[PDB]
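Just the one chain here, laid out as structure tokens, in the form deposited in one PDB entry.
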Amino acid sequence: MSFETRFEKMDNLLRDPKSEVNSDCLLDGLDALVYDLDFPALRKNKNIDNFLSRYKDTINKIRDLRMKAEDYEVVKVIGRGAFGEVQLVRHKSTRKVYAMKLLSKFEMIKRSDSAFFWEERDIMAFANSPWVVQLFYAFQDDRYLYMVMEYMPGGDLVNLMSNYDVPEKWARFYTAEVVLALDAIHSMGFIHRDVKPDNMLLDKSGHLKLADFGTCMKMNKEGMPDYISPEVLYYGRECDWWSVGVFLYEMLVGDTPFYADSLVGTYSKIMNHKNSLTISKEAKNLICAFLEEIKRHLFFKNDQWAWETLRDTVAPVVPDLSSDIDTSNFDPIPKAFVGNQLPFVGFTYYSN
């Protein structure tokens, strides 16, 4: 550990996209500091005042040069969540079409929990898997966190099940794609915890890709509303497979296995699954098995596809697209330092 060796080691940390002290993450620190200090009450402090005087125009210049919401033309809102929305966007300069997820910093600060997105960021950006929705850019302003992802024109599997009477042949395909998709997540050292058809999106070819990773959690050393498993409602990766069985049941029956008009009713039905759980014999066998060993099950035995070439085969529903923007498959001032921008330092990612 003697420089220029430790100088090279320092230079690697500034260039690495996976690094928390990366050039883009360091700019976030100064950007957040300027946002959180620029108030008349705080400017009474000579240290705060003079720091802001020096990094005044230069941070405004940085804000102009860096990626912002103004660089994207919003076509239409294609999704909504608890803390934000997903909009179909087109980059004004490149004319490239994307899906932009927005997360309200106000809501993340108000009702606490402002760390859920860190899992979603690392998964979507560093997966490099055909089973995960790719994150091209991540940026932020004083109000929102923005996630520029690849657009999925095929829509979600909730929309597919509502528009089609799903046969067992189709059910075999989509379940198998989810199995391969979840295995990639586990291989990355993560557990989904919210496997559902709303989080299963289809591309232009009609193939599955997992989304909404705001419920994920990184595994330790060894690996430790109806879709929830009894263990969650210390555990391994086997908890996500329960939700696969829930998904397979709903796909073939048309209703969730533990449905109740009262949410508390579903909770009691999940805990009593042994007496609560009420097509073919092998499909029923798989649902009950969840309620390589998954891949070896008789339900997946077919003459159309193979596990290693499944994504290369023709999907059951290939979306009819007219354009690159086709959406037919979609329906206080502080009196002292508070540091509201601090939980969001290091969110900015660009790739290449």
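So that the term is clear: the rigid core is the largest set of C-alpha atoms that superpose within 1.5 Å between two forms. Sequential numbering from 1, following the sequence displayed.
The modelled chain is continuous from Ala115 to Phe116, since every residue of the deposited sequence in that stretch has coordinates. Going from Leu233 to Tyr234, the model skips 4 to 9 deposited residues, which lack coordinates. Mean C-alpha B-factor is higher over 299 to 307 than over the other stretch, the pair under comparison being 299 to 307 and 23 to 31. Of the two segments, 102 to 110 and 197 to 205, the one listed with the higher mean B-factor is 197 to 205 (C-alpha atoms only).
As recorded in the PDB entry, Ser162 shows the highest C-alpha B-factor of the residues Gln140, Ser162, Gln134, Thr215. Across the options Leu88, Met152, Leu182, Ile279, the residue with the most elevated CA B-factor in the record is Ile279. The entry lists a Cα temperature factor for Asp64 that places it in the middle third of the chain's modelled residues.
Looking at the C-alpha B-factors along this chain, the one for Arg121 belongs to the lowest third. For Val74, the recorded CA temperature factor ranks within the middle third of the chain's modelled residues.
Ranked within its chain, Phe258 lands in the highest third, by CA B factor from the PDB record. Among the modelled residues of the chain, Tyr267 sits in the highest third by CA temperature factor in this PDB entry.
Below, we refer to the form deposited in another entry, which is not included among the displayed structures.
When the two forms are overlaid on the rigid core, CA displacement between this form and the one not shown of 2 Å or more is confined, within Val158, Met188, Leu180, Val77, to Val77. Put the two forms on the same core and the Cα of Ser243 is off by less than 2 Å between this form and the one not shown.
Shown in the overlay between this form and the one not shown, fitted on the rigid core, is a CA shift at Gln87 of 2 Å or greater. Taking the rigid core as fixed, one finds a CA shift for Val97 of 2 Å or more between this form and the one not shown.
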